[PDB]
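**Student:** The structure follows.
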């Protein structure tokens with residue numbers, strides 16, 4: 001629900017405030033690229049990236065590193 | 001004494017002592033909420049439309065049903081192809097009528113939907129409420145929203161659970177929640193919602209100060225003093241200024257290119273255009289009720305109707321003798337009125353080339369105009385010896401009120417939105433507030449410098465007034481001061497200043513925000 | 001360590 005609310009806020013008031021979208025997407029991306037976080041934090045970070053950045057930011061940022069992220073987090077978690 | 005004369009005169013005269021509207025509204029409300037809710041919310045479109053079309057067919061207005069089917073087919077041509085072709089009696093209709101539609105929903109979503117529908121009861125929500133109560137039955141649930149990747153769906157798919165009564169009863173949630181991947185109390189719930197809602201109203205005002213407002217200023221450079229008027233479109237997307245060189249210029253307030261319906265001008269890149277054809281200074285402009293029409297009047301004695309789709313003139317009205325100083329559309333955009341040099345007001349309709357009503361009674365030139373918000377009364381004011389306001393009746397063309405008390409040139413007029421207040425300003429900086437029904441001056445504001453007040457505006461709820469003057473100031477007034485808890489009048493909330501830029505126009509948007517406009521002169 | 005540096009460079 002918070003992710004949806006943030007997405008709507010960013011889509012609405014992103015022009016009056018110039019740096020809102022870059023800041024939100026950058027923070028979410030920085031937090032996402034950290035295996036030390038638990039699954040909940042990573043889920044929240046990916047959701048925030050998708051909500052704020054938009055389809056283009058997702059496609060151009062998350063896809064290249066998915067192969068590494070898989071072996072990094074999913075496989076260790078898949079064995080649980 | 002005036003009372004004695006009036007009494008004598010009065011004694012001498014023997015005076016004894018349908019469904020498509022609701023569908024579109026619901027769609028426009030559905031695409032507003034969050035994407036989470038939309039997945040479930042969309043489920044209500046098909047049953048309501050189907051039942052409405054079936055009722056219209058059964059009611060005997062087959063033409064309306066055909067119009068609805070042809071209109072909305074494009075919105076379901078990729079879902080209900082077979083059903084839509086069938087709708088082009090069989091057992092399908094009997095089965096549909098016998099069994100009321102089943103639609104799962106969440107509790108909070110149901111509460112929000114009921115609140116929204118109650119808010120717009122008279123605007124079309126009654127039809128939807130009746131349809132849902134009669135031909136539909138919704139099974140409320142305490143689960144979370146149903147989405148392809150929400151917690152509920154993920155849990156159901158992972159843990160290999162079993163469907164529920166609502167899930168059991170052509171898109172079905174089984175295809176998604178299956179491995180292959182309650183009821184309602186309408187009517188009574190509406191009474192409960194109304195009772196709960198009525199508890200949260202504000203019924204007073206004491207202590208405190210006035211409301212705070214913002215303001216955005218649009219400035220025009222390099223005019224060289226050849227601008228005579230200004231206007232904003234009703235949605236604040238275009239601005240037009242009439243110059244002393246007999247032409248009009250239309251801009252786009254966001255800078256995006258303007259568009260023309262002529263094929264020869266396909267995707268041309270310009271953000272400001274010109275309208276040529278007047279042969280004298282232009283004194284008035286009025287955007288229509290987006291806007292597709294525009295009016296203008298000049299000193300040669302002509303009124304022109306332009307087009308904002310092809311950018312060319314369409315008609316000319318030649319009912320005046322001398323200059324025309326003001327022009328105004330009606331509150332809804334079919335009637336317009338114009339007044340000028342020959343001390344007469346006229347009311348036109350765009351369907352006719354001649355004035356439909358002529359209104360005599362003034363003794364000097366006219367200098368202001370206004371329309372009543374219900375579009376059946378007109379205000380006007382004159383200058384020089386006869387500085388009086390009048391209120392005409394569009395049906396009969398006879399005056400019904402006169403307001404006196406001004407001692408200077410009257411520059412602007414404005415009628416409240418509620419319809420029971422009138423505000424006027426003159427070149428002495430005075431603003432008057434009149435009670436229309438009783439014809440009595442309520443109060444006078446003060447503070448503006450000498451020179452004039454070209455424009456006025458009222459808040460959405462008719463509790464705040466904003467005026468821009470030629471002394472380079474913008475001021476906000478409080479019509480009714482707060483009740484006490486036990487050169488300038490004490491009801492001036494704010495007063496901004498501009499950097500040598502007289503203000504020619506002020507508008508009140510939906511929010512507590514306004515837009516201004518002026519011409520910058522370095523000297 | 002080895003993972004932290006790699007992920008930091010990836011974020012950069």
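Read-outs: derived from the displayed coordinates by stated rules, not from any lab. Counting neighbours? That spans all protein chains shown, and the Cβs are built from the backbone with ideal geometry, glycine included.
**Student:** With contacts defined as alpha carbon pairs under 8 Å and 6 or more residues apart, what's the relative contact order of chain A in percent? Can you show the working numbers first?
**Tutor:** Values: 48 pairs, mean separation 25.8, N = 80.
RCO, chain A: 32 percent.
**Student:** Using a/c under 1.5 as the rounded threshold, could you call chain A rounded, prolate or oblate? The axes a ≥ b ≥ c are square roots of the C-alpha gyration tensor eigenvalues, and prolate needs a/b larger than b/c, oblate otherwise.
**Tutor:** In terms of gyration-tensor shape, prolate.
**Student:** On to the next question. Based on Cα coordinates alone, diagonalise the gyration tensor for the protein assembly as shown, multiply each eigenvalue by 5, take square roots, and list the semi-axes in whole Å, largest first.
**Tutor:** 56, 34, 27
**Student:** Next up: Nearest 10 degrees, 0 to 90: what angle lies between the long axis of helix A:39-53 and the longest principal axis of chain A (Cα atoms)?
**Tutor:** Between the helix axis and the principal axis of chain A, the angle is about 40 degrees.
**Student:** Using a ≥ b ≥ c from the Cα gyration tensor of the stretch B:134-260 (square roots of the eigenvalues), is it rounded, prolate or oblate, where a/c under 1.5 gives rounded and otherwise the larger of a/b and b/c decides, a/b for prolate?
**Tutor:** Values: a/c = 3.60, a/b = 2.02, b/c = 1.78.
Judged from the Cα gyration tensor, the stretch B:134-260 comes out prolate (a/c at least 1.5, a/b above b/c).
**Student:** Using a 10 Å cut-off on Cβ atoms, rank the peptides C:5-12, B:7-14, B:27-34 from the highest mean neighbour count down.
**Tutor:** Per-residue mean Cβ counts within 10 Å order the peptides as B:27-34, C:5-12, B:7-14.
**Student:** Related question: log₁₀ I(q)/I(0) of the stretch B:420-523 at q = 0.10, 0.11, 0.17, 0.23 Å⁻¹, via Debye over equal Cα point scatterers, no solvent, to two decimals?
**Tutor:** So the normalised log intensities are -0.29, -0.34, -0.80, -1.34.
**Student:** Go ahead and estimate [θ] at 222 nm for chain B from helices alone: -39,500 (n - 2.57) per DSSP H run with n ≥ 4, summed, over the residue count, rounded to 500.
**Tutor:** Working: 13 runs with 125 residues, N = 523.
Estimated from H runs of four or more residues: -7000 deg cm²/dmol.
**Student:** Normalised radius of gyration for chain B, please: alpha carbon Rg relative to 2.2 N^0.38 Å, two decimal places.
**Tutor:** Ratio of Rg to 2.2 N^0.38 Å for chain B: 1.26.
**Student:** Mind pulling the angle between the C-alpha long axis of helix A:20-32 and the longest principal axis of chain A? Nearest 10 degrees, somewhere in 0 to 90.
**Tutor:** That works out to roughly 10 degrees.
**Student:** What share of all Cα pairs of the stretch B:1-98, in percent, falls into each consecutive 10 Å distance bin?
**Tutor:** All Cα pairs, binned at 10 Å, distribute as 12, 34, 20, 4, 0, 5, 14, 10, 1 percent.
**Student:** Sticking with this structure for a sec: Would you mind giving the mean number of other chain beta-carbons within 10 Å of the Cβ of each residue in A:34-41, as a whole number? Display every interim value, and only then the final one.
**Tutor:** Working: counts 4, 4, 3, 0, 0, 0, 0, 0.
For this peptide, the per-residue mean of nearby foreign Cβ atoms is 1.
**Student:** Within 10 Å of each Cβ of B:32-42, how many other protein chain Cβ atoms are there on average?
**Tutor:** 2
**Student:** Quick one: which of B:318-330, B:392-404, B:193-205 comes out on top by average Cβ neighbours within 10 Å, and what's the full order, highest first?
**Tutor:** Going from most to least packed, we get B:318-330, B:392-404, B:193-205.
**Student:** Going highest first, how would you order B:73-84, B:226-237, B:108-119 by mean Cβ packing within 10 Å?
**Tutor:** Output ranking for B:73-84, B:226-237, B:108-119: B:226-237, B:108-119, B:73-84.
**Student:** Something else about it: Compute the helix-to-body angle for A:2-12: its Cα long axis versus the longest principal axis of chain A, expressed 0 to 90° and rounded to tens.
**Tutor:** That works out to roughly 40 degrees.
**Student:** Where a ≥ b ≥ c are the square roots of the eigenvalues of the C-alpha gyration tensor, would you call the stretch B:37-78 rounded, which needs a/c under 1.5, or, failing that, prolate if a/b is larger than b/c, or oblate?
**Tutor:** Oblate shape, in that a/c is at least 1.5 and b/c is the bigger or equal ratio.
**Student:** If you count, for every residue in A:60-71, the Cβ atoms of partner chains within 10 Å of its Cβ, what is the mean?
**Tutor:** Per residue, the average neighbour count from other chains is 1.
**Student:** I'd like the distance separating the alpha-carbon centroids of the stretch A:12-54 and the stretch B:301-351, in whole Å.
**Tutor:** So the two Cα centres are separated by 56 Å.
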